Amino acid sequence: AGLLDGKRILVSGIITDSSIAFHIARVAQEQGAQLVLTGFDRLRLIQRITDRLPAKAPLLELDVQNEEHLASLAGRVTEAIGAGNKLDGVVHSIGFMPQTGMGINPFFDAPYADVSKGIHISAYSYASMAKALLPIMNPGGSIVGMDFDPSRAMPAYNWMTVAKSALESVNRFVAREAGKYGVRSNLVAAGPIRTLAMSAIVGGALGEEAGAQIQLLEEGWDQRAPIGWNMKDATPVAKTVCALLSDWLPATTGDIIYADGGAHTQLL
């Protein structure tokens, strides 16, 4: 039947219909998953985006920087999925970095106040969410987060790479904690996708030739990747997140699955 048939999954990180989280939600719904969605700040606006999804799913406010939002989260999810019901999956598709820590802005010129906000949202929050939702999760469950390979330094990504490095390490500790509940915790290291964060927020930080800079990335990535890569299609990444939410990778935890077309395994 459906890959995620009869599974209750919380999905965070939907802002646009371009968002990786939107496509994860779409593919999971196509596979018979009952979703619960998280939104940040503009909640009346996110509802209009999620209305374009295959099916109706409850939407909850969640600012990961907000301690009251996280404390109330587990209870708010239960009132949304029914008492005596638990989650089978959690998707962390949250990332942020102030522009001072991106693009052409010099690496040394990023104030720690900005880098800290970035690390809080992009890495610390993965642990914040896991703490908040593990009590309402089922043994056999899965936590999946989004990653960009930070093992080698790349220009323009700067302090966002540092937060991804921190995230990769956070995921390994979460794995230990989640393990006590019979829950797996993994990251999907995706290749580039023309989402809003990329196209607009990262693109903004690149200056005059930003457009060709982003196009050169797709071209070089499609080149390295033995099976090619399309920055305009989030479906391969969404499918990979669903594979992790399913019961088909049962002995995989505290790990990184590379959904990048195989570009990381190739030098040229």
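Counting begins at 1, following the sequence as shown.
- Per the compared records, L43 is unresolved in at least a third of the other entries whose models span it.
- Stretches 35-43 and 231-239 differ in mean CA B factor, with 35-43 having the higher one.
- Comparing 221-229 with 195-203, the stretch with the higher mean C-alpha B-factor in the PDB entry is 195-203.
- Taking the deposited Cα B-factors for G145, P139, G118, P150, the highest one is held by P139.
- Annotation for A178, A123, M160, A83: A83 ranks highest, by Cα B-factor.
- Ranked by C-alpha B-factor against the other modelled residues of its chain, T100 falls in the middle third.
- Among all modelled residues in this chain, the alpha-carbon of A166 has a temperature factor (C-alpha) in the lowest third.
- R76 sits in the highest third of its chain by CA B factor, as recorded in the PDB entry.
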